[PDB]
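Structure first, commentary second.
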Amino acid sequence: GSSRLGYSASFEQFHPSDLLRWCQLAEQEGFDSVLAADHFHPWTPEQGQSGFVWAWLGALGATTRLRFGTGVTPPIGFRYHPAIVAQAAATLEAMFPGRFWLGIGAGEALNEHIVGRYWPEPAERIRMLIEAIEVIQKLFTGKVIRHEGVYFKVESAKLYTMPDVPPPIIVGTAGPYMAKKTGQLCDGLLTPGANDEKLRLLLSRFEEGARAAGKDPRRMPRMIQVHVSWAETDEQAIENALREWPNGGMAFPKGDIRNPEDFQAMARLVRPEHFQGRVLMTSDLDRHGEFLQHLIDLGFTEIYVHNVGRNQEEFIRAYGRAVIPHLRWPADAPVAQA
Amino acid sequence: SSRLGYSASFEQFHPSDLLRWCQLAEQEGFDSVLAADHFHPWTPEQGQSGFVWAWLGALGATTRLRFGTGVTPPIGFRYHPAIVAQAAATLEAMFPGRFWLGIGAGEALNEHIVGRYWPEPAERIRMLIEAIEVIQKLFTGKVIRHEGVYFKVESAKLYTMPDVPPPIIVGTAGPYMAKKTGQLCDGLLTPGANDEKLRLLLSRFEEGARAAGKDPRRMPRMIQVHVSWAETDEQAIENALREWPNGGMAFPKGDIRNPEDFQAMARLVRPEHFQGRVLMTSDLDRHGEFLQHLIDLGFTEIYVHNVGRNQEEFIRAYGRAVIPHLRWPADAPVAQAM
Amino acid sequence: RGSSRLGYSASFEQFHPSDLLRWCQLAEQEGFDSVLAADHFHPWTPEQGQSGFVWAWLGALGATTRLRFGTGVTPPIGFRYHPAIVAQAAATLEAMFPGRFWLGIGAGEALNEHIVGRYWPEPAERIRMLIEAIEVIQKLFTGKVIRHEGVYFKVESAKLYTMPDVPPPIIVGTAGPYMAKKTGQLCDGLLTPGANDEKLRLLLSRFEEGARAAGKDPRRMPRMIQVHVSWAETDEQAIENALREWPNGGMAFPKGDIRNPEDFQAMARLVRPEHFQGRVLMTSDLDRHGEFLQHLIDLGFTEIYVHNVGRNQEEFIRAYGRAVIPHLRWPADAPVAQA
Amino acid sequence: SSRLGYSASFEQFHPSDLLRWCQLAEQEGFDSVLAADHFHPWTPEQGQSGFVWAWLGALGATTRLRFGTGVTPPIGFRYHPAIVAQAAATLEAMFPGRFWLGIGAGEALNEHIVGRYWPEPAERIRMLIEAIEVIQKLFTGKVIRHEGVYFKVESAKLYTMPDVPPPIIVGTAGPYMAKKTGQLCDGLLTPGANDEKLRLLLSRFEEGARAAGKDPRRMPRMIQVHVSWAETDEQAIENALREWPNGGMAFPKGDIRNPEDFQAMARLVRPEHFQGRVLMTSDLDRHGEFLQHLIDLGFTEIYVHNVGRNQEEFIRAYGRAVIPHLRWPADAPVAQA
Amino acid sequence: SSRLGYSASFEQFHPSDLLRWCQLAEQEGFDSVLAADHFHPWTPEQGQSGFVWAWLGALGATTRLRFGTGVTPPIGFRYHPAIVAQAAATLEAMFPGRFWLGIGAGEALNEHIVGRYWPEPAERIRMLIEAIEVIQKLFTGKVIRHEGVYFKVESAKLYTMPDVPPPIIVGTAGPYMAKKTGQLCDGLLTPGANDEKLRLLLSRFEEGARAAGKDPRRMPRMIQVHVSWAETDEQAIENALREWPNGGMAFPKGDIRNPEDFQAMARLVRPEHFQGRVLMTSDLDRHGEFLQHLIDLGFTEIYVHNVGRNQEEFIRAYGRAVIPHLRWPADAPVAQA
Amino acid sequence: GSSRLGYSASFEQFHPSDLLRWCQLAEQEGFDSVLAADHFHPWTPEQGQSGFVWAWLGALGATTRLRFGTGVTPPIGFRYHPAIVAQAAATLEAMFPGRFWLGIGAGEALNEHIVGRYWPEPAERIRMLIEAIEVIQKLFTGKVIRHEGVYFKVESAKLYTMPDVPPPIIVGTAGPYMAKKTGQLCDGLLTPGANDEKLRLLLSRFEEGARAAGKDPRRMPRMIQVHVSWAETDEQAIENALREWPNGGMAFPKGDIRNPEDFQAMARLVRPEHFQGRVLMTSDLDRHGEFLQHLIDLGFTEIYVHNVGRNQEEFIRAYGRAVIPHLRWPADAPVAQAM
Ligand SMILES: [Cl-]
Ligand SMILES: [Cl-]
Ligand SMILES: [Cl-]
Ligand SMILES: [Cl-]
């Protein structure tokens, strides 16, 4: 029924004060939710930012009525111990009930390498993520808990500041295996843009995981984050993607690359063709609308849109005028909340 | 000219209540907030522990108060020093001139949850000094590396960095660390104590600053005090016993792990034990004289924690009868980017 | 029906080892038959002011008396002491003084263990360490070459060549219901501190249930209690002695994480006479000491070790020898901690 | 004037027997005891290894002999240095003027049981030097802390502390450590060896002491020797072969882990291998001359280990025919506070 | 004095084929071989990675070529530095005057298999410098010990040791390590790069050597280049794209773990990306001029890797049309004892 | 069967260039296979060598048609990570198909101590060896594999240079337990010379292990390495053994001894009698022949002979003339080679 769409707040690119103002505008223009990445570093120096997301989310919560979530935090003990992520999530939900969702994932070296520890392969980090989920869920019971596993140790700990109902745990992944585990263990899925076949596989795996654990997946959020480039001309939209988001044209695993300067050098190889299916680059707002509608039709219940250009205000107003009012959402779609 | 600091007790109060009370404190003439960084309360009866970093974002966005952590331990248990640096930089970037980073050696109550060796105080001081080195490197806004006894930092840069870093304030009651604070940091925060102990800490801080070529007359010297105001003396005493028995524990508390431990120790505490540690009276003239004495010793800021649950009434009482009558030196330095 | 006897607690926290040796010799003359010695590195407070190395002192006690004796208790969990070393020490004492030694063990306190600067686990984890240590000690007590690899301890090929025919019993010192049950299941007997009747009955009950579920007969297993008392010429002196000398006795809260004597010293300033209720009997009335001890026998304790908290050790020993010990009635076939 | 040290062999003898024999040794004119700190014997045929610290309490309480460990390794395998310090302080507090703390770099035979990396000798020397630092800090009787390469000590104090600490004696056969012993400690203990090696060790010890401003003429220089006395030469030889084949193993033994290893190596040992390492004879005049020669080299105390099981007969024989005829310098320093 | 080096690409070719081709290269006028020490190829399409140390034994025994590792990482992931030292000493002992030990800071592609913390480049340089210290100690042919930040060596000696050690050559493209190479080692190996970068590396190497009292004019300065020769320009370009896309990746590659990662990154590479990194042409005169230019810059040896699978045809073409026309300075130092 | 015998190339004693020339001669004289030890140090300075075996094997492979193997390599992560041993083995077999066998064992401190790590007891090193076998076998599948166990971690790894059929894994052991495990997990057994009873037990255990895992032990190699001393006179043969191989007369475990200088000092105790049953010392080549034939008759399918004297050329020619032609091998006896 009612108008809605998610806005991606790009901490890699934009000063937190600007993001705050733009989220306030996005709310006025019909966006209903915000996705905020948890980075320490940008992908490139040209992007040039990386605010501490947890502080900013407090400001967002206090000055808007938007829903919001981390997209995503790695609670696997490099930058963040899982107990701290649990406390942070509980505090946000306690302050802003019904508004926060905790998005988590297996992390990238770009952010995690700063603490100077062994960086496991993806499959091992998945195992760490699953153990972290166990820790977070124990703490979310609001009782005194202990934990000893392969990766984490928690001595007697309790979250005294705990909402009546915990925030949902959303896993951000593009892997079939983890998508199934997300359905089994967590409350919802967040995935990046990809071709129809890959998206259907992830949805299917998530649903199968949920059903095998006795859950109803039709009531569970299935969310997607997409990257677009809107501008006044097609040429400007293409140029914006090349300059601002060359990582979008890197169709290869990026989780081991440590430095912004590394991505910067790799970016010199990226060309417009490499953004096919990964960043929609056009001035034609009808085409933005059709792209988003197609994702709803596949079964996504929320979409978070990252415009890669620095023209955030103009993008927000353009989407508010020409895109968001024409999107048709199922009336009973679940959203990430409560 | 009129001013005073308010201590926001995360151990006792829900973060939503603290936010509303800080907004009221601003209206009533308080100009600054001190917020503890806890994971656990001292006792179950206190019953809270919000994630301070998220809350500070909300405070920043809804008030014009100055504010700081009182204090964070950046020594790699709950928090890696690089993360504290990023968090501090983000708050100061969002709220320029308003944040001060208070740090300290930490307590087992909060740090023990991660299940690691807990060093003696003198060793934790060495960890704190190394953490300061890490934070200060990151505050240059350049790519830095670090390898010391306690911390390792791979190539790291704070891209989201204010023009001028927030001040680093050390919270300590030790003469040695007070001197080091003057030498290495921007200001001192200390608890209430007798005149002789306070003069020693001030003196050590000043000597440390002077020997490093700094002018200590321009550097904040801050004190956090605990009081109990209520409508009667009897209610004020009862409030301290029930809410803050840790205030009557004249012994080192940094090794005690569990709220349940403090709870059992609290059964020994009696009114006499609060002498010189918590002022318990309905007489607001006596509150005024106690605070004025501390100003006269040379403290440039005072943060007052009322231990009772009557926060709103306390704030209004201090706003009416105490804050207007305090006499501060004209050019006294406050904790702010200088 | 059984002969007169009672245990004496030698307080290493308070008294020079030479004084303890002389007083134990006197205690033997006065009718005490057994000694309990704590294994500390530090006293609870500076005012207590001592901490001898118990293992050396026990050799002196063994060679100059016919008293039975035990550690009350040693922590064999790899901070100050690797379990293999405790096993060797125990085996040597029993080999030198057959039928006289019992090995009392426990999960330890930071006060003593923190000196080696290692991670100090929570109580539940230290229980797991204690259980593994028991396994190590029992393997070594077979007198064969053994190896061990567990979560906490590694033992390469090791054998106790100096080994009595029959091992000393392993006694666990605990006040926890769970560990009391495990003691019955895994060990040879129980040592517990003085406490109210309800708590003592619960511990005995748990110990007995643990023993029975493992197919053992708990009636043949020692159930020992260490009590803290204050005797003096007046009630007022007895109370003052407890306050000054043993304020830790009035600390009804977990003490296993507190590292320094100076920490307990500062905490002691909060302790008052009321806090000793059920923990330290404070009276000059020796009939009342006699009734208190007899009651503990009647509850089912088979040995009692008495720690007088005052510095008046000689006078205490003579008073108990004259007025208390001859009137105690022990069951005839009560099991004592011995091979 | 008359005196001599008795070595109590924990590797061979039940602690009760050692106690009785030390009491007899005192009656027969021995004035001091050296007791090894082992966990295992060299061979199963030796067959013992009492916990020395407990036994020393019994010795202290039933004799007036001086006594020391010969030696303890305080380098954190079986024993953390803080524990050795406490043990030493307790013995000296109980038996003032009687205990000396002999320490050394240890052997795998005893230390391997805890399942940790066993460093080469030169590295274990560095560990020993750090252990000495820890023990000396604790012997001040104040609250101390320590953090070094090998050891960590949190706030620790020996509350049971004699007025004057026991001397620290290092047992070593290495020139380097002998020099360090003179510099850092109170005296030297070394095994029997040829004249040239002994002179080198004494010289290094003296040079180390002098460079640290100490007077080495007031510092103990002690030697432990192995002998075999019996009624006939043939019995003395047989006793050494059966009881102390390790005495005929002229090779480094500090890495060998098991009694069963030494037992198998023992099958190669023959009488010839004891030349200069174990004196084997019934002739007590020859025992006397051997000991006197060591005094003449400058040793101020000698601890004698008779390798045979005939300890009582050995003690009485030495008491009658050897000890009265030894000539000690009048003011020779002994290991004591 | 016609000569040139052949690069044996273990990433691409079966070791039996490499052996046969090196034998042919010798017949055709190549005088030296460079062999990479990999565990994995850059891509599955390359498809090989023999154990170089075994192969070098075969090369040594069936040719008279000089040869070296280009390069081994002796920094304790795949290889402890003591093992590299022994391997180098054995090859030089078997083939005197023929082996040079090329070492470097390593790549995750090969080292990640052991599952350990992978330090940043600057830290791995520090590890490399310590490894050099270990190798040089072992090359003295005496019993040595070592304890540093990264490596521990207990009493160790190379008993099989040539009279004169093989030279240590460092492979690096970093100015700092180039200077350290001049200071600490015997020569430099660097990849192809623009003139300005090559001059900087040579200059740093020379400055390092001179400050340590060495004469850099007597020290090898070696370069490894990648080329693509084929019958047509089009075939040469296609060969580079298919076989060596890593050659068109102008970005740091030392953290990338899997062949599958490079394979996916390769999809972005185009002919333009090989400019200045892989010379792609059928014109052998142009190959000759490219190599001559590097000699003129001051390189004393060049190792040529042809990226195509047409190795035999490449070797014969270079032997006929390139190698005879190269003009080397008369007394140029080569990597040899 | 056709005439054959194995030659042991003693890296402890001989320069690799000499070993290469002698193996080439051994081939001409009727030896068909070579066993090469993987050492870092010799047992004694008087032996005086230790080439890097992996490089030498490349030279051997390229200049002969002999079979050859390591006797043995320890792939347990001191000198060598198991993944590296796998790669090395795969490369040799790829270059010399049908010719290489990978002999592995639990290793000795003499070689492994140089890296300065904890040296486990034999039983623990067996567990490490079993895990190493798991790693090598995973890599020998020629696919991308991962591994995480108690001792080893392997991230995504693949041997791209891999022969069609892997080289056999041969375990060198004298322990009954490991011999059984070798039959169960590996392709063949290598054992030292020993009395008949011990050899029969090892063969039997190996066979039982193979059969219980569904394998056919009749097709699996059972190999023995023996030490002999041949010379012109018996006296010269004895003198050669004393001077060159005193470790042969050390009937005690040698796996913990770190330094050549240690063995050198221990060697001073060794006498001719100590070589009884361990080194055959005689000029009589008929007696060499009977000794070897007896081992064939026990069921060994290959024998590797180490002559301890420096007279290698003369030994090789003597065996080629007088011993090898007279040995009678079973017709279809399995040899260590890919099958
Ligand atoms: Cl993207
Ligand atoms: Cl307080
Ligand atoms: Cl008590
Ligand atoms: Cl042999």
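Letters for chains follow the order of the structure tokens (A, B, ...), residue numbers begin at 1 for each chain, and ligand numbers begin at 1 in the order shown.
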Inset, instruction - Skip residue 290 of chain A itself and residues of its chain fewer than 2 positions away, then list as a ChimeraX atom specification all residues within 12 Å of it, counting only C-alpha atoms. - result: /A:280,284-288,292-297,322-324,326-328
Inset, instruction - Residues within 10 Å of ligand 1, counting only C-alpha atoms and all ligand atoms: report them as a ChimeraX atom specification. - result: /A:192-193,225-228,245-251,275,278-279,306,308
Output file for the selection above: N, CA and C atoms, as a PDB file, in the first residue's frame:
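Result written to again.pdb:
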ATOM      1  N   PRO A 192      23.418  -8.253  -1.478  1.00  0.00           N
ATOM      2  CA  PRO A 192      23.660  -7.263  -2.527  1.00  0.00           C
ATOM      3  C   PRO A 192      22.911  -7.579  -3.816  1.00  0.00           C
ATOM      4  N   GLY A 193      22.855  -6.574  -4.695  1.00  0.00           N
ATOM      5  CA  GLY A 193      22.324  -6.727  -6.034  1.00  0.00           C
ATOM      6  C   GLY A 193      23.062  -7.832  -6.793  1.00  0.00           C
ATOM      7  N   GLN A 225      20.415  -4.532  -0.898  1.00  0.00           N
ATOM      8  CA  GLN A 225      21.083  -3.256  -1.038  1.00  0.00           C
ATOM      9  C   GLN A 225      21.607  -3.145  -2.466  1.00  0.00           C
ATOM     10  N   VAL A 226      21.209  -2.068  -3.162  1.00  0.00           N
ATOM     11  CA  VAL A 226      21.607  -1.870  -4.540  1.00  0.00           C
ATOM     12  C   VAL A 226      22.365  -0.557  -4.652  1.00  0.00           C
ATOM     13  N   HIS A 227      23.241  -0.502  -5.660  1.00  0.00           N
ATOM     14  CA  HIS A 227      24.013   0.688  -5.982  1.00  0.00           C
ATOM     15  C   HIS A 227      23.516   1.226  -7.321  1.00  0.00           C
ATOM     16  N   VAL A 228      23.237   2.530  -7.372  1.00  0.00           N
ATOM     17  CA  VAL A 228      22.789   3.184  -8.587  1.00  0.00           C
ATOM     18  C   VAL A 228      23.586   4.466  -8.770  1.00  0.00           C
ATOM     19  N   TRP A 245      32.909   5.126  -7.144  1.00  0.00           N
ATOM     20  CA  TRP A 245      32.592   3.781  -6.699  1.00  0.00           C
ATOM     21  C   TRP A 245      33.191   2.731  -7.633  1.00  0.00           C
ATOM     22  N   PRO A 246      34.502   2.804  -7.948  1.00  0.00           N
ATOM     23  CA  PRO A 246      35.113   1.828  -8.848  1.00  0.00           C
ATOM     24  C   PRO A 246      35.068   0.413  -8.279  1.00  0.00           C
ATOM     25  N   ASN A 247      34.974   0.301  -6.954  1.00  0.00           N
ATOM     26  CA  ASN A 247      34.828  -0.998  -6.307  1.00  0.00           C
ATOM     27  C   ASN A 247      33.558  -1.709  -6.782  1.00  0.00           C
ATOM     28  N   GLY A 248      32.569  -0.928  -7.239  1.00  0.00           N
ATOM     29  CA  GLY A 248      31.339  -1.485  -7.778  1.00  0.00           C
ATOM     30  C   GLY A 248      31.565  -2.259  -9.070  1.00  0.00           C
ATOM     31  N   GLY A 249      32.658  -1.959  -9.780  1.00  0.00           N
ATOM     32  CA  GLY A 249      32.992  -2.652 -11.014  1.00  0.00           C
ATOM     33  C   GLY A 249      34.062  -3.720 -10.818  1.00  0.00           C
ATOM     34  N   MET A 250      34.259  -4.154  -9.569  1.00  0.00           N
ATOM     35  CA  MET A 250      35.235  -5.183  -9.266  1.00  0.00           C
ATOM     36  C   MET A 250      34.497  -6.475  -8.927  1.00  0.00           C
ATOM     37  N   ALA A 251      34.256  -7.304  -9.951  1.00  0.00           N
ATOM     38  CA  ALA A 251      33.504  -8.549  -9.804  1.00  0.00           C
ATOM     39  C   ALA A 251      34.461  -9.666  -9.379  1.00  0.00           C
ATOM     40  N   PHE A 275      30.367  -2.319 -14.709  1.00  0.00           N
ATOM     41  CA  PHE A 275      29.264  -2.003 -13.813  1.00  0.00           C
ATOM     42  C   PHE A 275      27.956  -2.670 -14.247  1.00  0.00           C
ATOM     43  N   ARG A 278      25.560  -4.280 -11.706  1.00  0.00           N
ATOM     44  CA  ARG A 278      26.119  -4.014 -10.387  1.00  0.00           C
ATOM     45  C   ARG A 278      25.857  -2.566  -9.973  1.00  0.00           C
ATOM     46  N   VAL A 279      25.894  -1.644 -10.938  1.00  0.00           N
ATOM     47  CA  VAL A 279      25.510  -0.262 -10.730  1.00  0.00           C
ATOM     48  C   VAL A 279      24.699   0.195 -11.941  1.00  0.00           C
ATOM     49  N   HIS A 306      21.748   2.977  -2.617  1.00  0.00           N
ATOM     50  CA  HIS A 306      22.930   3.808  -2.533  1.00  0.00           C
ATOM     51  C   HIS A 306      23.161   4.482  -3.882  1.00  0.00           C
ATOM     52  N   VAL A 308      25.674   6.558  -5.947  1.00  0.00           N
ATOM     53  CA  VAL A 308      27.122   6.613  -5.800  1.00  0.00           C
ATOM     54  C   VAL A 308      27.649   8.031  -6.012  1.00  0.00           C
TER      55      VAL A 308
END
Restrict the calculation to only C-alpha atoms and all ligand atoms, then for each residue of chain B with any atom at most 10 Å from an atom of ligand 2 give the closest atom pair and their distance in Å to one decimal, rows by chain and rising residue number, as JSON lines.
{"residue": "B:191", "atom": "CA", "partner": "ligand 2", "partner_atom_place_in_ligand_line": "1 (Cl)", "distance": 7.6}
{"residue": "B:192", "atom": "CA", "partner": "ligand 2", "partner_atom_place_in_ligand_line": "1 (Cl)", "distance": 7.9}
{"residue": "B:193", "atom": "CA", "partner": "ligand 2", "partner_atom_place_in_ligand_line": "1 (Cl)", "distance": 9.9}
{"residue": "B:224", "atom": "CA", "partner": "ligand 2", "partner_atom_place_in_ligand_line": "1 (Cl)", "distance": 9.0}
{"residue": "B:225", "atom": "CA", "partner": "ligand 2", "partner_atom_place_in_ligand_line": "1 (Cl)", "distance": 7.5}
{"residue": "B:226", "atom": "CA", "partner": "ligand 2", "partner_atom_place_in_ligand_line": "1 (Cl)", "distance": 6.0}
{"residue": "B:227", "atom": "CA", "partner": "ligand 2", "partner_atom_place_in_ligand_line": "1 (Cl)", "distance": 9.1}
{"residue": "B:244", "atom": "CA", "partner": "ligand 2", "partner_atom_place_in_ligand_line": "1 (Cl)", "distance": 7.6}
{"residue": "B:245", "atom": "CA", "partner": "ligand 2", "partner_atom_place_in_ligand_line": "1 (Cl)", "distance": 8.5}
{"residue": "B:246", "atom": "CA", "partner": "ligand 2", "partner_atom_place_in_ligand_line": "1 (Cl)", "distance": 6.2}
{"residue": "B:247", "atom": "CA", "partner": "ligand 2", "partner_atom_place_in_ligand_line": "1 (Cl)", "distance": 3.7}
{"residue": "B:248", "atom": "CA", "partner": "ligand 2", "partner_atom_place_in_ligand_line": "1 (Cl)", "distance": 7.1}
{"residue": "B:249", "atom": "CA", "partner": "ligand 2", "partner_atom_place_in_ligand_line": "1 (Cl)", "distance": 7.9}
{"residue": "B:250", "atom": "CA", "partner": "ligand 2", "partner_atom_place_in_ligand_line": "1 (Cl)", "distance": 8.8}
{"residue": "B:274", "atom": "CA", "partner": "ligand 2", "partner_atom_place_in_ligand_line": "1 (Cl)", "distance": 8.7}
{"residue": "B:276", "atom": "CA", "partner": "ligand 2", "partner_atom_place_in_ligand_line": "1 (Cl)", "distance": 9.9}
{"residue": "B:277", "atom": "CA", "partner": "ligand 2", "partner_atom_place_in_ligand_line": "1 (Cl)", "distance": 6.1}
{"residue": "B:278", "atom": "CA", "partner": "ligand 2", "partner_atom_place_in_ligand_line": "1 (Cl)", "distance": 7.0}
{"residue": "B:305", "atom": "CA", "partner": "ligand 2", "partner_atom_place_in_ligand_line": "1 (Cl)", "distance": 9.2}
{"residue": "B:307", "atom": "CA", "partner": "ligand 2", "partner_atom_place_in_ligand_line": "1 (Cl)", "distance": 9.5}
Inset, instruction - Mind checking which residues fall within 12 Å of residue 181 of chain D, counting only C-alpha atoms, ignoring those fewer than 4 positions away in the same chain, and posting them as an MDAnalysis selection string? - result: chainID D and resid 102:104 125 128:129 132 167:177 185:190 201:212 214 216 219:221
Inset, instruction - Would you mind writing down, as a PyMOL selection string, each residue of segment 87-266 of chain F that DSSP on the backbone assigns to helix (DSSP H, G or I)? - result: chain F and resi 87-95+109-115+122-139+176-185+196-212+217-219+234-244+246-249+260-266
Inset, instruction - Compile the residues of chain C that lie within 10 Å of chain B, evaluated using only C-alpha atoms, and express the compilation as JSON, numbers by chain. - result: {"C": [114, 117, 118, 119, 120, 121, 122, 250, 251, 252, 253, 254, 255, 256, 257, 258, 259, 262, 263, 264, 265, 266, 267, 268, 269, 270, 271, 272, 275]}
Inset, instruction - Return as a PyMOL selection string every polymer residue, whether protein, DNA or RNA, with at least one atom no more than 8 Å from an atom of ligand 4; count only C-alpha atoms and all ligand atoms. - result: chain F and resi 192-193+226-227+245+247-250+278-279
Inset, instruction - For chain C, report every residue with an atom at most 12 Å from chain F (counting only C-alpha atoms), formatted as a PyMOL selection string. - result: chain C and resi 147-149+154-158
Just-selected residues, N, CA, C and O atoms written as a tab-separated table (two decimals), in the first residue's frame:
chain	number	residue	atom	x	y	z
C	147	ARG	N	51.30	-40.73	31.90
C	147	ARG	CA	51.24	-39.56	31.06
C	147	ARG	C	49.84	-38.96	31.21
C	147	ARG	O	48.90	-39.68	31.54
C	148	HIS	N	49.71	-37.67	30.92
C	148	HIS	CA	48.41	-37.02	30.99
C	148	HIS	C	48.40	-35.84	30.02
C	148	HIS	O	49.36	-35.09	29.96
C	149	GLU	N	47.30	-35.72	29.28
C	149	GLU	CA	47.04	-34.52	28.49
C	149	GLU	C	45.55	-34.20	28.61
C	149	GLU	O	44.72	-34.95	28.15
C	154	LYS	N	49.45	-30.84	31.32
C	154	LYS	CA	50.21	-31.78	30.52
C	154	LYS	C	51.26	-32.39	31.44
C	154	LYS	O	51.92	-31.68	32.17
C	155	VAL	N	51.34	-33.72	31.44
C	155	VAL	CA	52.34	-34.44	32.20
C	155	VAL	C	53.02	-35.41	31.24
C	155	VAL	O	52.35	-36.29	30.71
C	156	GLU	N	54.33	-35.21	31.03
C	156	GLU	CA	55.13	-36.17	30.30
C	156	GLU	C	55.43	-37.35	31.22
C	156	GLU	O	55.25	-37.25	32.43
C	157	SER	N	55.90	-38.47	30.65
C	157	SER	CA	56.25	-39.66	31.39
C	157	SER	C	56.81	-39.32	32.77
C	157	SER	O	57.90	-38.77	32.88
C	158	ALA	N	56.04	-39.68	33.80
C	158	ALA	CA	56.38	-39.32	35.17
C	158	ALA	C	55.98	-40.45	36.11
C	158	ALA	O	54.93	-41.09	35.93
Legend entry - Who sits within 10 Å of residue 74 of chain C, only C-alpha atoms, same chain under 2 positions skipped, as a VMD selection string: chain C and resid 37 to 40 54 to 55 70 to 72 76 to 77 80 to 81 83 86 103 to 108 172 to 173
Inset, instruction - Would you list the residues that come within 7 Å of ligand 3? Count only C-alpha atoms and all ligand atoms and give the answer as number ranges by chain. - result: C: 193, 228, 248-249, 279
Inset, instruction - For residue 88 of chain D, work out the shell of residues within 8 Å, counting only C-alpha atoms and skipping chain neighbours fewer than 2 positions away, then give it as a ChimeraX atom specification. - result: /D:84-86,90-92,99-101,166
Per residue of chain F within 12 Å of chain D, what are the shortest atom pair and its distance in Å to one decimal, counting only C-alpha atoms, with rows by chain and residue number, as a Markdown table?
| residue | atom | partner | partner_atom | distance |
| --- | --- | --- | --- | --- |
| F:109 | CA | D:255 | CA | 10.3 |
| F:110 | CA | D:255 | CA | 11.7 |
| F:113 | CA | D:120 | CA | 9.8 |
| F:114 | CA | D:120 | CA | 10.5 |
| F:115 | CA | D:119 | CA | 11.4 |
| F:116 | CA | D:119 | CA | 7.7 |
| F:117 | CA | D:117 | CA | 6.2 |
| F:118 | CA | D:117 | CA | 4.1 |
| F:119 | CA | D:117 | CA | 6.8 |
| F:120 | CA | D:115 | CA | 7.8 |
| F:121 | CA | D:115 | CA | 8.9 |
| F:122 | CA | D:257 | CA | 11.6 |
| F:124 | CA | D:115 | CA | 11.1 |
| F:246 | CA | D:268 | CA | 12.0 |
| F:247 | CA | D:265 | CA | 11.8 |
| F:249 | CA | D:268 | CA | 9.3 |
| F:250 | CA | D:265 | CA | 7.6 |
| F:251 | CA | D:264 | CA | 6.9 |
| F:252 | CA | D:264 | CA | 5.4 |
| F:253 | CA | D:261 | CA | 6.7 |
| F:254 | CA | D:261 | CA | 8.9 |
| F:255 | CA | D:256 | CA | 9.8 |
| F:256 | CA | D:256 | CA | 6.8 |
| F:257 | CA | D:255 | CA | 6.8 |
| F:258 | CA | D:255 | CA | 7.9 |
| F:259 | CA | D:252 | CA | 10.0 |
| F:260 | CA | D:251 | CA | 11.7 |
| F:261 | CA | D:251 | CA | 8.9 |
| F:262 | CA | D:251 | CA | 6.5 |
| F:263 | CA | D:251 | CA | 8.5 |
| F:264 | CA | D:251 | CA | 8.7 |
| F:265 | CA | D:251 | CA | 5.4 |
| F:266 | CA | D:251 | CA | 6.2 |
| F:267 | CA | D:251 | CA | 9.6 |
| F:268 | CA | D:250 | CA | 8.7 |
| F:269 | CA | D:268 | CA | 6.1 |
| F:270 | CA | D:268 | CA | 6.7 |
| F:271 | CA | D:268 | CA | 8.3 |
| F:272 | CA | D:268 | CA | 11.1 |
| F:273 | CA | D:268 | CA | 9.8 |
| F:274 | CA | D:268 | CA | 7.9 |
| F:275 | CA | D:268 | CA | 11.6 |
